[PDB]
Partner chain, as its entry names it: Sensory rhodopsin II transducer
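Only one chain is shown below, in structure tokens, and it's the form deposited without the partner chain.
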């Protein structure tokens, strides 16, 4: 099982999700979430964007993907919760800090990269606070079914997103403990669940 095989698997999974969401069509956002990831995985499957950094290999399309798709996931959750256009700005700003810090830390060869990782971790804790607190208060004002859908997507999001920084740190970008193949396999699984699984839970409730 090679890296390219794993990338193709993620590509296929994102494509199936993309077509499913487009057919059922919120729906436009889900198409963007999995559609963008599909492209990133194909590019990586073709061997494009594999950037050598010191002694590790960094996958640049992954971070462009995350920077564009994760704010769309937060946007989807913000619509469910009924956020005013100002609350959107805070959470999307916090999200972008996490994503940019990870992208920069991955691309820096020296230990300064752990300083960038730490900053993303701090901003992530602030993002979790807004999901579990203010956004949950806001979602409470909606129908019982909308509130229930928000809570289920929120917990899926919070629990799984919290695993990514550990995979990053244990993988090549960090202490380089986990091997690239295992690290990639774990992230392909998480990407598929936080995007396509996310989407199908929304379809089921609709």
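Numbering follows the first chain given and starts at 1.
Missing deposited residues between residue 25 and residue 26: 4 to 9, all without coordinates in the entry. Looking at mean Cα B-factors across 29-37 and 134-142, the upper value is held by 134-142. Relative to one another, 103-111 and 118-126 have unequal mean CA B-factors, and 103-111 is the one with the higher figure. The PDB entry assigns its highest CA temperature factor, among 159, 176, 58, 68, to 176. Reading the B-factor column for the CA atoms of 81, 97, 72, 90 in the entry, the top value corresponds to 81. Ranked by Cα temperature factor within the chain, residue 167 sits in the lowest third according to the deposited record. Residue-level temperature factors show residue 64 in the lowest third of its chain, judged at the C-alpha atom.
Absent from the display: the form solved in complex with the partner chain. The rest refers to it.
Using a 4.5 angstroms limit between non-hydrogen atoms, residue 186 touches the partner chain in the deposited complex. Contact between residue 68 and the partner chain in the deposited complex is not found at the 4.5 Å heavy atom cutoff. The partner chain in the deposited complex comes within 4.5 Å of no heavy atom belonging to residue 19. With a 4.5 Å cutoff on heavy atoms, residue 177 counts as touching the partner chain in the deposited complex. Listed residues 146, 60, 156, 39 were compared with the partner chain in the deposited complex; 156 is the one with a heavy atom within 4.5 Å. In summary, among the residues 53, 160, 45, 64, the only one with a non-hydrogen atom within 4.5 Å of the partner chain in the deposited complex is 160.
Note that among 161-169, 45-53, 138-146, 31-39, the stretch whose heavy atoms approach the partner chain to within 4.5 Å in the deposited complex is 161-169.
Residues of 109-125 include none with a non-hydrogen atom no more than 4.5 angstroms from the partner chain in the deposited complex.
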